[PDB]
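So the structure is just underneath, and the comments pick up after that.
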Amino acid sequence: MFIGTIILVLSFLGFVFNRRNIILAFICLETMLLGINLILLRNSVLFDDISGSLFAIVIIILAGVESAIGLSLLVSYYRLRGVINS
Amino acid sequence: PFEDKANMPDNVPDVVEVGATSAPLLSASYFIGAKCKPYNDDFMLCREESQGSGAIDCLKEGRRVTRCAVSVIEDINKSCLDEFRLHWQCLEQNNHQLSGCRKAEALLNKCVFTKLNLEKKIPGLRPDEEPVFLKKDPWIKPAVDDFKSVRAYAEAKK
Amino acid sequence: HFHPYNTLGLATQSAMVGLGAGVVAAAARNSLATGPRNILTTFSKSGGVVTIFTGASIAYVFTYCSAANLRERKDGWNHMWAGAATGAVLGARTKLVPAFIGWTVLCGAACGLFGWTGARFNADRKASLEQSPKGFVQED
Amino acid sequence: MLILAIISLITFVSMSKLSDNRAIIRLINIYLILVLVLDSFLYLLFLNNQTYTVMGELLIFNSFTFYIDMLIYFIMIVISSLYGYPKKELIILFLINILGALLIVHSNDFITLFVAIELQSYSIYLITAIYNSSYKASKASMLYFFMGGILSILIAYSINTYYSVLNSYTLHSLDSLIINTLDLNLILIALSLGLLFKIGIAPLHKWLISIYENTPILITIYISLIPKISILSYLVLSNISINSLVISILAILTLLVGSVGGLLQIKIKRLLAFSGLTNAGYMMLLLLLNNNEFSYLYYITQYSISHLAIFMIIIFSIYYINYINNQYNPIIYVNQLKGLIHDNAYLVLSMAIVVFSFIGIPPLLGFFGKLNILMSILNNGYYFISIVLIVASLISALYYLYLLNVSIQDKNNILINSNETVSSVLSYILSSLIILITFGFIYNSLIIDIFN
Amino acid sequence: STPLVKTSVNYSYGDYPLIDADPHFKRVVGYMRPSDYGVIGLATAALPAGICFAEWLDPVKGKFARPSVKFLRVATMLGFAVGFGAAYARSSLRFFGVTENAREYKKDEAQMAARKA
Amino acid sequence: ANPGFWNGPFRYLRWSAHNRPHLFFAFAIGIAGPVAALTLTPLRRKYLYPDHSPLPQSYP
Amino acid sequence: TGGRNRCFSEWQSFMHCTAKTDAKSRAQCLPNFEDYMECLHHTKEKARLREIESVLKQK
Amino acid sequence: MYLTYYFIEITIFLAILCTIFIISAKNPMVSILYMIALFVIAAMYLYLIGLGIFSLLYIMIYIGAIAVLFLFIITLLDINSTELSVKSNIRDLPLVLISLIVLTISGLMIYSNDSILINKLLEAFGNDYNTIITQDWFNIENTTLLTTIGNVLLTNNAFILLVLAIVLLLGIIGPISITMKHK
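Chains as they are written, first to last, in PDB author numbering: chain L, 1 to 86; chain U, 11 to 168; chain J, 19 to 158; chain 2, 1 to 85, 99 to 465; chain X, 4 to 120; chain g, 4 to 63; chain 9, 9 to 67; chain 6, 2 to 184.
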């Protein structure tokens, strides 16, 4: 569980110290959701069959919709598709 | 790294077993079934009732249920030796697709029920069973080139 | 009954707690402006928030254990007479008006009068002392 | 019967001519009839508040949660009437936001909880920027999205550690485990602080507030109230940490001081945003309890009706300003509505009683919200937190009365010549009349929840 | 019947719509619940005009009009559906007591007669 | 050219399947699924029970 | 929601302790509970192994 | 014991080496190029740990869909990048990130089992030292199944599947009603 906490913490304080490039912050926040699954999957492997790995397939299916709403909302961080502005 | 531990000893308080042999016992799987079935049932029953308390059915049933299977394989090694032998010889090819040797099955089963008078009672009443002569199914691909002459001769002589 | 405290034993550990708080927080406050530079000049911005933390423990808990040595037996009335000294370091925060530092001393004392232990427990039905037992009813 | 309503009216918004001001009348009347013919579950609700569980992971607590979803239906009917009578095609995701909120008020186990808090949060991210021809909403939605993502992985990391210490998931399996391994306590306060993203506890403070001022007013009514009740109703339904063991009390101390120290605000939206923040901070104090939910269940309704009311009143006060702000947001300054008592002063009376609500003068609300709050506090023994709650109430009352004192000074030049704008007036009159006549039936509820 | 020895637990009375399986239980079942009803079977009819009462809710959607045009059909469908759930909310119970309890008169006999399942 | 129009349903399904037919013939499959899945409970007429198993631990 | 576990064998002798209400006897399940815990994490197993390898280290 | 095939598990050094690239890139999108390398190292980790199934799931759905979508966006409306981690932009970096890395290491220590001390903080770091787990033999496993049991649990917990149906519903209706801009 070193393997998941370290990638989670580095994604987290990458999301803190991110004074460049909004999308690197956005993908660090993405990689949090796979830093957490390396914790979850190895806890399930150290335990058993499907108890936590059900939550793992849930968080994968939902992390998809996370990135989908995040893109389709980042498109509207401005005007829409493109016009005159400043 | 799935390293192997291979320690050795022998423990006192019971008479030792006799082990069993390779994957060819899959051919003999039903053959130990109907004969050694109540031994099997009492073994697994005594295991399940002692909730967590394993390693106490070893001296009674862990010896007994292996004694029965050793007796069955000795009977089948004297009764139908080569009929067993060509049948598992078929059955080690074809991925143990147990459909894939269903003609030497009838030879071995006729030999067993002839001499050691057992059966293959697959429990369930609805369909037909082991004689199917498939007719819409997945019979075989390489039809046991050393064994087609055997069932052919059994159709011929018998 | 009670036990008098190790005044140095609380004091140096509390001063290290205050200095660690001045490192982890009073140097964390460097996000606030556009004067950038990282390490040598962070404490140019932040010399006036360090020892506001570290001096606070040396004001407070030193006074607290000394009050426990003077008015003993570990009462809450130490705290009101403790935290006033904390206001003295608050007085060192603003050397403008000594009337205002006496003001912040007495208000910090009244603040310290109450914060003895937040989230008290083991009081299943609270706030009902019971008298001597003679089949009591008017408590719980 | 919400899923059937959603799948019906997503098909109904499909193949629609983009009239899109009638479908909300159908959703309003549908939720009205659903409440009217689904209140019959209250008889089968409680003999002794007997819970009922869907498939082991979802819980139906018939006294608490069966009131919470009724409040959700009620305020949704009010919002749906507020959009009737400037819009885009959005009530599908209003209803699915409701579906997520009701799942988290029914979620026994963390898989359902996490799915539903994230569904709910996605709904908030979307509703923030449906009005996409803004520069306010464009910034606010992305800010809400990124921090909801952080707080989402904080949720999931709390529960993943919870799974790491115990191979179960359910809090039904916590079952007064009194050996209380310390990491169970730390996991649970981490899960608490994770769910407490929405209240904007004073270290997590400022970020919600710019979002509330950067949404249109027809939206910031909806998301200063839905997750405010939702995540806390989960948090009181299961009492995670019996006391705080000083972690949460510090959070509410710096909240209820350090969000009421946010006194001087000229923007209206900021002002009642801090109001809805600090009154949400109130009900965090009886998250610090055990076996106490009546004060919480009463304080939600006897806050949220009035929160809805003050937003509806400053909706009605757009008509009287002789200036407006941006296309999406009309009335952001306090000093816009100066001489309102020389306009239709009956709504000034309503605004008066709903702000005297929030300060808690006795005979309408505060002696029945804050009285139950304070008896729940002093039942436990949190003596200091009582007097800081009192200080919070006074200093909150100061910026509350700021609204009434700017409401009724004197008008420059406006009295009367107009047409009418009504038939939603019975909604605001219903909320104001239920605010200042609850002192009549303040004892019937005391018996009814004693029997549930 | 109709499945394995697996069980499907559902004691459903909520705002997320469910139903029941083939059989193994003591609570309310699938096909018996639509039957064993009463003269409250027009309760679903009472909602059948209620969402069709949106025309009565039309107090000037536009300026000076009435009779919302023929999407009421859609409303009529919802006017059925919720009321159907309200009829399906009339689980009196399955063989408990201390209620209205016509089940011990109109469904005790069916569990008597069908003595082979 | 004419699209589909609802109010005559026997006419609608005609002048759906004849002018924009490519969703019609999809949804004909979409209705051939579950409706035929409900016309089986007489049509199997108790045809078969599968009868599979994990380990059968027996009784006393 | 508990698949065929490598630690399922300590639910039952924990849950049959909480079959009766001895979680309000508050200690009758603690041997059962910490045996469940040693199935979870093998803590005292691991300390026992650390002890015997420390004894191995001094030969 | 095939010396390198025992330290083939410790690939976390490549994970931290990729993630130290992931926040200090030159271009804005060479970072998200490295992100798929992070995901495929995660897949290598999961295949090595005993679950190659979710390795192939991550290859199918993360770098198959969402990373593809990051690359899909970062072509059009490319944001104005600050150039790199300059020293003036590495200002106030070490002064909080060092303490934060220490506090989060103590959080990973707080994931430990039950000890009310700092002994559990050192215990998880020595967790590999006193222990190597012992596998067992097949006692009555009838049918072969790896992710089949995941669907068995998805049948038992069917309601979360029918609700994440709704979250995928939201994932398609939202981007319609936030970007299409009907007329």
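By construction, the Cβ of each residue, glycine as well, lies at the ideal position given by its N, Cα and C atoms.
My output table needs one value for residue i: the three-state DSSP class, helix, strand or coil.
i, result
"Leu58 (chain 2)", "strand"
"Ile62 (chain 6)", "helix"
"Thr174 (chain 2)", "helix"
"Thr53 (chain 2)", "strand"
"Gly33 (chain g)", "helix"
"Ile74 (chain 6)", "helix"
"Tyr456 (chain 2)", "coil"
"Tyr359 (chain 2)", "helix"
"residue 7 (chain U)", "Past the edges of chain U, shown from 11 to 168, lies residue 7 (chain U), and the structure says nothing about it."
"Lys280 (chain 2)", "strand"
"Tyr235 (chain 2)", "coil"
"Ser437 (chain 2)", "coil"
"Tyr346 (chain 2)", "strand"
"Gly7 (chain g)", "coil"
For residue i, collect the residues of the same chain with a Cβ closer than 8 angstroms to its Cβ; drop the 5 residues on either side in sequence, then sort them by chain order.
i, result
"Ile140 (chain 2)", "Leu103, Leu106, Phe107, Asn110, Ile232, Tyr235 and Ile236"
"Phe74 (chain 2)", "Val35"
"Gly161 (chain 2)", "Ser134, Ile137, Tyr138 and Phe210"
"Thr60 (chain J)", "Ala45 and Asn48"
"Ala68 (chain X)", "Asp61"
"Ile42 (chain 6)", "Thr12, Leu15, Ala16 and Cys19"
Going by beta carbon distance, what residues of the same chain come within less than 6 angstroms of residue i, once the five residues before and after it are set aside?
i, result
"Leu268 (chain 2)", "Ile214, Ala215 and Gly294"
"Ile79 (chain 2)", "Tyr235"
Which same chain residues end up closer than 7 angstroms to residue i when comparing Cβ atoms and leaving out the 5 residues on each side of it in sequence?
i, result
"residue 91 (chain 2)", "Any question about the placement of residue 91 (chain 2) has no answer from these coordinates, since chain 2 jumps from 85 to 99."
"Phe80 (chain J)", "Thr25 and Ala29"
When burial is assigned at 16 or more other CB atoms within 10 Å of the CB, is residue i buried or exposed?
i, result
"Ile200 (chain 2)", "buried"
"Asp20 (chain U)", "exposed"
"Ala84 (chain X)", "buried"
"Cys68 (chain U)", "exposed"
"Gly101 (chain J)", "buried"
"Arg14 (chain g)", "exposed"
"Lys282 (chain 2)", "buried"
"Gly110 (chain U)", "buried"
"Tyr309 (chain 2)", "buried"
Can you pull the chain U residues whose beta carbon is under 7 angstroms from the beta carbon of residue i, in chain order?
i, result
"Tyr52 (chain g)", "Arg136"
Which bits of chain 2 does residue i rub up against, with CB to CB less than 9 angstroms?
i, result
"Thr29 (chain 9)", "Simply none; closest approach about 11 angstroms."
"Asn13 (chain 9)", "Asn180"
"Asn128 (chain 6)", "Those within 9 angstroms of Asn128 (chain 6) in chain 2 number zero; the least Cβ separation is about 12 angstroms."
Just checking my contact of residue i with residue j at CB under 8 angstroms: how many whole Å lie between their CB atoms?
i, j, result
"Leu26 (chain J)", "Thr72 (chain J)", "That pair is no contact at about 16 angstroms."
"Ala114 (chain U)", "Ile83 (chain U)", "So it is not a contact: roughly 18 angstroms between Cβ atoms."
"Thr451 (chain 2)", "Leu378 (chain 2)", "7 angstroms"
"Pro37 (chain X)", "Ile3 (chain 2)", "Between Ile3 (chain 2) and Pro37 (chain X) the Cβ distance is about 20 angstroms, and since that is not below 8 angstroms, they are no contact."
What residues from chain 6 crowd round residue i, counting only those whose CB sits closer than 7 angstroms?
i, result
"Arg34 (chain 9)", "Residues of chain 6 passing the Cβ test: none, with the nearest at roughly 18 angstroms."
"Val58 (chain L)", "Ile161 and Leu165"
List, in chain order, every chain 2 residue whose beta-carbon is nearer than 7 angstroms to that of residue i.
i, result
"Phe2 (chain L)", "Result: empty, since nearest Cβ-Cβ is about 13 angstroms, beyond 7 angstroms."
"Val32 (chain X)", "Within chain 2, no residue comes near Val32 (chain X); the closest Cβ sits about 17 angstroms away, beyond 7 angstroms."
"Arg55 (chain J)", "In chain order: nothing, as chain 2 lies at least about 26 angstroms away."
Note down, in chain order, every chain X residue with its Cβ under 9 angstroms from the Cβ of residue i.
i, result
"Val54 (chain 2)", "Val12, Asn13, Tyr14, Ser15, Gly17, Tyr19 and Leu21"
Taking C-beta pairs closer than 8 angstroms, name the residues in chain L that residue i reaches, listed in chain order.
i, result
"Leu139 (chain 2)", "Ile69 and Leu73"
"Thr9 (chain 9)", "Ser51 and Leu54"
Listing by chain order, which chain 6 residues have their CB less than 8 angstroms from the CB of residue i?
i, result
"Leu103 (chain 2)", "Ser178"
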